[PDB]
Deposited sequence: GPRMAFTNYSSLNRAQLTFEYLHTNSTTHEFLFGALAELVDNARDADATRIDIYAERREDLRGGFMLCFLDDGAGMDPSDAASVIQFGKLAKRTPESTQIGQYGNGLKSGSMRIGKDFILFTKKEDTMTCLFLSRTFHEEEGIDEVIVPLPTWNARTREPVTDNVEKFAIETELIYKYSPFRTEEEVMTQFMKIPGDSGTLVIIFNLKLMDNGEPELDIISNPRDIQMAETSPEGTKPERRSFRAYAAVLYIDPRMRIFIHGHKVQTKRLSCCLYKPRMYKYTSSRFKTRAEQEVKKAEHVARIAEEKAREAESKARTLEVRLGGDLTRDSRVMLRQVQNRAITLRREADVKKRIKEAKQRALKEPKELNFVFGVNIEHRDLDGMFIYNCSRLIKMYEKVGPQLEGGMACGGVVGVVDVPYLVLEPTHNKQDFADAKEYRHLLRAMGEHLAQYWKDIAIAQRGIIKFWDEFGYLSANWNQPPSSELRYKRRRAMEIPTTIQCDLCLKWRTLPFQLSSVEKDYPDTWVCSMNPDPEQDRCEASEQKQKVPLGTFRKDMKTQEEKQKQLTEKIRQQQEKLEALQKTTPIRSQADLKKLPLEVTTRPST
């Protein structure tokens, strides 16, 4: 639906140095790794393994590997990986984390110089190779990407251009970690199901002392930041095991680091006296109303177009009363009426669906609870379409010098209609609306504090009871048995089944666990339905 032909006009293009520019969005390095985790989750993976493969010959001494059992990609899906940005016409997927068409490129190029991706779907498997080493060595200022595909059952090349295929694979054997077709096939065989994806980042960034930024040696079950950790340093900012555990508000996909299961968690299940407050969001309501007004305008224009075409069809029949050209013209009008009518009806259905959703409550659910195990790890955790964006954000009374609201963790999941993330997915694009949300969360936090009445009974004695002997607000509570049990009694023990993925409670560095290991006879089989945490409801003004 364009006016002329634009084939001679200038196109904006990506140059090699833009790969670096894009990567500078990630000052928080774990946020780069999170992009690749998000992609596995969006592909409906039930499991992602993040692990190191030692390679003394590559910068940093290892390759960082992300292996998922998700849906994988066919060859055209794989070619769209290097499209920066997505397609505006794409069918809307409101619940996918991926919307910007950029995360894998920004994140991978923060972490290392090069990456190679292997993916399989149905009867194809495709390699995508992004080698900044190649571009530097050969003076390439474009961004050129080998993208060979093989048949997954026979291993024959699938290519319309055998010369292109030869050049692509030769680049891979020259510059990648894998020097032969056999070595490449070995990587494809690490995806053991019918589908999945393996992303390998290599030639990792080094600090000035020549050591990698990512330390996989100090704790061989973890990926840690290679930096000293001061007094108020949050575990999620130094330990990827800790960060990955809270990356999603509703974890289902299982996460393993170096082969060792991460205990993912629902933050609201780890806190003392969790309570939920429903916040009526005027922004949520106004934006839903605008999305409706737009759908109803789009259905309105399509209906007038269908109504005119049907009217013309009828009138043209009367006017024609019946020659050979006239016949053709009559069915071109009659069918055009038919197709506009079905177009108008489909847009009317979308309008109606948005109208139905408009009547649903336009609320954000703020959940608060007291972090009795780690009183200094407090503040708000703000998720956006289930993905963690801000952590440990102080609001309300926590912004004062005081013990008021000290220890309180808040959690909220914000839909895209209310806020969208910044380019690095570590902040919100609409700062004005985000600051509004934080003030609203602060007012509800104050109410939560009144509601649990810690101060009625008295705030210092509350903390004494859980074993905070020390006068320094940041030391952990006592580890002696009486205080451990006092704290543990308040926090249910939850665990995820490795087979069916349901979340279970037990009645008083995890290994394999399945439902039939539970001594509770009501949850002791994978077929037993999942029980929901019933977080009690509080009320505010």
item	value
Sequence order list of spans that the model leaves without C-alpha positions, deposited numbering	1 to 3, 325 to 326, 514 to 521, 555 to 606
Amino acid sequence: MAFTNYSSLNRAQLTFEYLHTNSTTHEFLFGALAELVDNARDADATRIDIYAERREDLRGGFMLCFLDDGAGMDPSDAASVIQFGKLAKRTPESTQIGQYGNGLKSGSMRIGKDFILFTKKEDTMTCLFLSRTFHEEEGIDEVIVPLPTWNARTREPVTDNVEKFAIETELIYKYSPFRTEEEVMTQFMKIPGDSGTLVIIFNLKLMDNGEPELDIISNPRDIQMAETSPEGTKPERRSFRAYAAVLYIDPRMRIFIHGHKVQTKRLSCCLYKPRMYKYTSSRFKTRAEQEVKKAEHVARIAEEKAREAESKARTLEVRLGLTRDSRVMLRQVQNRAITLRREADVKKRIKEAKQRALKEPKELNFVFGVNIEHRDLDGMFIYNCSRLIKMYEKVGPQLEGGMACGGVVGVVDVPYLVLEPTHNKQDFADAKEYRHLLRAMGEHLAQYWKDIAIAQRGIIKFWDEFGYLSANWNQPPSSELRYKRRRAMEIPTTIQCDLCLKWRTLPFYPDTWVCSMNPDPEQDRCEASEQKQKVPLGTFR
From here on, numbers count along this sequence of modelled residues.
query: Comparing 165 to 173 with 467 to 475, the one whose average Cα B-factor in the PDB entry is higher; finding: 467 to 475
query: Mean Cα B-factor comparison, 335 to 343 or 80 to 88, giving the higher one as deposited; finding: 335 to 343
query: Of the residues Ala242, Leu388, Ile372, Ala357, the one carrying the largest Cα B-factor as recorded; finding: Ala357
query: Top residue by Cα temperature factor, when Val318, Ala431, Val418, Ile257 are compared in the entry; finding: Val318
query: CA B-factor ranking of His20, expressed as a third of its chain; finding: lowest
query: Cα B factor band for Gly232 (lowest, middle or highest third within the chain); finding: highest
query: Position of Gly60 among the chain's modelled residues by C-alpha B-factor, lowest, middle or highest third; finding: middle
query: Modelled-residue ranking by C-alpha temperature factor, third containing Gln496; finding: lowest
query: Third assignment of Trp513 from its chain's C-alpha B-factors; finding: middle
